[PDB]
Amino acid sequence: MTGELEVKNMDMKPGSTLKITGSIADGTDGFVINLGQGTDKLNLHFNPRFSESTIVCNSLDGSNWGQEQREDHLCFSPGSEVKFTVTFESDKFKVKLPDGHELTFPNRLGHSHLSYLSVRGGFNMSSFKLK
């Protein structure tokens, strides 16, 4: 749980962008970027899985997971230092990948401000900036 950052009481409004930098650990099979209103309401569950060569995106409403969206476009490595840019729109999430490719994921949980960011698995966030 150490190094598994959670950022609370953010105020992410539609149109804002979040840039995340960190290093992926040697020997990790995947990691998670969770962004939403809290531990119980995840608008965006962003889960690259190196062992499955895919990126799963999903939403979480309470204890009920939404329908998973897999994006076979996993073009970064374990053991690297990478950047993610998440854009919060009222209808969609816009995740720029370290290679310039962009994933889009529908926002299924309304237009509320985003206050909760958490990192799971083998990703050590070294910087974040919010605009």
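Numbers follow the displayed sequence, beginning with 1.
Higher average CA B factor: 11-19, of the stretches 11-19 and 113-121. Mean C-alpha B-factor is higher over 82-90 than over the other stretch, the pair under comparison being 40-48 and 82-90. In this entry, the residue among 69, 59, 63, 104 with the greatest C-alpha B factor is 63. Highest CA B-factor among the listed residues (35, 95, 74, 32): 74.
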